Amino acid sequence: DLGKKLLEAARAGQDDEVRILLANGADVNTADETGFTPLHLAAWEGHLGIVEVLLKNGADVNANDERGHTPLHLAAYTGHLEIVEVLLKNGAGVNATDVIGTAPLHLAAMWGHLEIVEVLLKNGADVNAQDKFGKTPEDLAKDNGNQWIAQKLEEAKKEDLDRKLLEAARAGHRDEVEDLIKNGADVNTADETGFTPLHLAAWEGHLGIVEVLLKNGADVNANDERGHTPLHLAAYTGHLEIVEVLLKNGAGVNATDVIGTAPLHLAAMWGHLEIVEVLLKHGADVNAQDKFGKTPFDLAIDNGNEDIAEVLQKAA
């Protein structure tokens, strides 16, 4: 009956009695009739001291009860922020669900535990997880009156939809892009360096996605942190058909980055003759110097692109 005495001590919060019982051979993973273990109970009542002890003595951080509740489900239910951080620390399942489909984030967002919510998200909690009733954490927050947590969850949702749109744009998944847009993703979002979905599509040469993004209000002249526009990226990677659509949709043909390089500079240095001819036809300044002083002609000569040098020398 050591199991009963360990369950009791864990619930009451008797730190020493927990150690005395474990030392005398108590099974750290015993369970009452419903399925709660010594860890479940210590997490339900908030005894951080016994939590750390039990984990250190071989407790299963992810034990389930009859209804599929885990220790993390409980600590998130009772608002004990310190215990949640430690359960995750030992490999607790941030997205473990119960028979109803409820995850810890459903619980921390239903009982107004702002800190626990942002801690769960940082560890990978899914804001779009739906329970058996079709409720996400954001739905339960609005049903109870936690409006700040609801906004935070909305923020994380848009943050996640934007990341997906950037990746879909890079990878060339026209279907995912168009659906992400129809779900409210910002076509103008930007990663840490300032690349928008239209930057990535032009860089990778996915013409179909360039067109879609532009038809949905994408900033054709958006600048990354280095001052590059999508046209800069299409010109130097050599995607002729994208350059034409970009220019047809308002692309500044004389945009300059932090180094003072225009698209013509990049097309001439990388040796894309057709794009050089198209840029000139659309108004590119043939004589433009970058901050170091080089013209596109000098860059073509530097790289042995004689055809390009000829065309630039004639347009000058």
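Start at 1 with the first residue shown and count on from there.
Judged by mean Cα B factor in the deposited record, 185 to 193 ranks above the other of 234 to 242 and 185 to 193. Mean C-alpha B-factor is higher over 126 to 134 than over the other stretch, the pair under comparison being 161 to 169 and 126 to 134. Each of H47, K281, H272, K291 has a CA temperature factor in the record; the biggest one is found at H47.
In this entry, the residue among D285, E277, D257, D32 with the greatest C-alpha B factor is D32. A10: CA B factor lies in the middle third for its chain, per the PDB record. The entry lists a Cα temperature factor for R67 that places it in the highest third of the chain's modelled residues. For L105, the recorded CA temperature factor ranks within the middle third of the chain's modelled residues.
Per the deposited record, the Cα B-factor of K248 falls in the middle third when ranked against the other modelled residues of its chain.
Per-chain ranking of the deposited C-alpha B factor places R226 in the middle third.
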